[PDB]
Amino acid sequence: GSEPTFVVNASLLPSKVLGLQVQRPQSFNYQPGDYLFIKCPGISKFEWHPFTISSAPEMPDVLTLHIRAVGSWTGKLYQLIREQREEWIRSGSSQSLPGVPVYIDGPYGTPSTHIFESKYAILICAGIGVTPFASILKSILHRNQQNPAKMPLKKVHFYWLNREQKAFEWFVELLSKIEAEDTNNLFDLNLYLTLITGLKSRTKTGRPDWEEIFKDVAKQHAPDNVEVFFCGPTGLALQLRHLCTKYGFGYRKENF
């Protein structure tokens, strides 16, 4: 469903990322991993772009999008949002900050939502590809504070790759909250720069040794099935696909 709504707040995070907060319509229900298409008439009256909903649907009045400035439309959105914020804060208030009007269409599903019904999962993501796993990790927390054993997911192995140390800041609060509340060791968090994070989990360096990682995760969960969920570059997808076949892991072709 297509509805007018508003960017009611934004943050400016490292590597040119917008942390948009968007007013959630009453009708709009989503599941973690879902994306939507957004139109910003101030940027283009006719163009729709897709973004992962980086918030969990248990958060009640806003959706969140983490949009990285990589080209024309995302660059213009970044520059509109920067300038509007630079201005209203040079020119105090009198009002609240006005919403940027936008239309949203969705939500749209992804097979990543099947994590909640998996026994053992590997999440692998690179850069802003983290966004659906940000939604999903937050959901996994809310759901364990609600129905403690009602979920069949027993172990989440998380691997987040970045070229730039500063990119870890997008979700370091969330990764910290996971390291606080994870007494029962549901999660194995793994950050690779390709610590200074400030987590108990030490930031590793270089391209991960995926052959050794798969060998280990297979050994831990045999003779059970492991599901690999991947959001990132296609060169990495080809390698993860060969490795999923070698060790009998679930894979969805999402990379062309």
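Heads up: residue numbers just count along the shown sequence, starting at 1. Whichever C-alpha set is largest while still superposing within 1.5 Å between the two forms counts as the rigid core.
Root-mean-square C-alpha deviation from the shown form, taken over all structures in 5 other deposited structures of this protein superposed by the rigid core, is larger for 234-242 than for the alternative among 20-28 and 234-242.
Across the superposed structures in 5 other deposited structures of this protein, aligned by the core, the stretch whose Cα atoms lie more distant on average is 114-122, chosen from 134-142 and 114-122. Counting the deposited residues that fall between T205 and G206 and carry no coordinates gives zero. Of the two segments, 103-111 and 148-156, the one listed with the higher mean B-factor is 148-156 (C-alpha atoms only). Once the C-alpha B-factors are averaged per stretch, 50-58 and 26-34 rank with 26-34 first. The entry assigns its greatest Cα B factor, within the set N162, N185, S93, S72, to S93. When the C-alpha B-factors of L141, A126, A121, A167 are ranked from the entry, the top spot goes to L141. Sorting the modelled residues of the chain by their CA temperature factor places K215 in the lowest third.
For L137, the recorded CA temperature factor ranks within the lowest third of the chain's modelled residues.
Sort the chain's modelled residues by C-alpha temperature factor and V130 lands in the lowest third, per the entry. Compared with the other modelled residues of the chain, the Cα B-factor recorded for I196 ranks in the highest third. When the modelled residues of the chain are ordered by C-alpha B-factor, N190 sits in the lowest third.
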